[PDB]
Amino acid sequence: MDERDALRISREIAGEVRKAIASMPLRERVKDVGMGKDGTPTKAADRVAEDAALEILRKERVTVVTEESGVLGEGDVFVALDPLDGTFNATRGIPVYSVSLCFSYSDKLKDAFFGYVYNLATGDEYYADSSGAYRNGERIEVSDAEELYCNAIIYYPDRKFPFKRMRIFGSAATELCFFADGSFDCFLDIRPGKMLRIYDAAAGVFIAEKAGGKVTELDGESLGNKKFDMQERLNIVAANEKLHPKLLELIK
């Protein structure tokens, strides 16, 4: 498979998922319908999203690792799929939620070759391949902020910080893209419990890196060895080259 295919497949999937979610009233969306292989509940919105996505994906030589249904398939290409990220927002009609896809030649993020995050409420399309990072077809790049006094997306603040702004939107996949296009200066998930899962962050990280960002684990450790499995968890410190180590110092 190549990044050209990944784009088509992803775009095809975005269409069906967007269509499914939009046609579903909020009353329905918010209903708990099952237990997810990930160990959290599967809302109805999660379900109709995943089933739409899977039906397109199965047809490929991939191993899908997805939030509600767990690990599916045998293919040598691994696909980290959050069928619906920001599920909570979508149940309340809050317009920040996305489908997220990260394609990789192995079960490790270091071998990622395509990232896709598509805002299902606005139609904003983020992706990245070897040619760079895009938002609705246009090249993007992170910001050049040098001072800690910046615009931060941070899960979760637990003390007094020096940021200009803090925001928490509820879709890590989308929020990493907000950082990738430079809307925010950094993205931090520093929650002690290590909460982010591979399908939440993979596409977002890849897109953010191609956009020029430095994206690491909690102590600067590279993320290259993170696995496309259900047990994997992540902290993330993401910011441009200059700003990044200043942040690593700050949360120490």
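Residue positions are given as counts along the sequence shown, with the first one as 1. Throughout, rigid core stands for the largest set of C-alpha atoms superposing within 1.5 Å between the two forms.
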*Core fit done; bigger CA RMS in 6 other deposited structures of this protein for 8-16 or for 227-235?*
227-235
*Going by the B-factors listed in the PDB entry, is the mean over the C-alpha atoms higher for 38-46 or for 55-63?*
55-63
*Given the B-factors recorded for C-alpha atoms, which segment has the greater mean, 210-218 or 197-205?*
210-218
*Say you rank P95, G73, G182, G132 by Cα B-factor from the PDB entry; which sits at the top?*
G132
*Options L84, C150, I154, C102 - largest CA temperature factor per the record*: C150
*Relative C-alpha B-factor of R167, binned into the chain's lowest, middle or highest third*: lowest
*Ranked by Cα temperature factor within the chain, is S106 in the lowest third, the middle third or the highest third?*
middle
*asked:* For the chain shown, is the CA B-factor of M24 in the lowest, middle or highest third of its modelled residues?
replied: middle
*Can you work out whether the C-alpha temperature factor of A14 puts it in the lowest, middle or highest third of the chain?*
lowest
*Check where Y118 lands among this chain's C-alpha B-factors and tell me if it's the lowest, middle or highest third.*
lowest
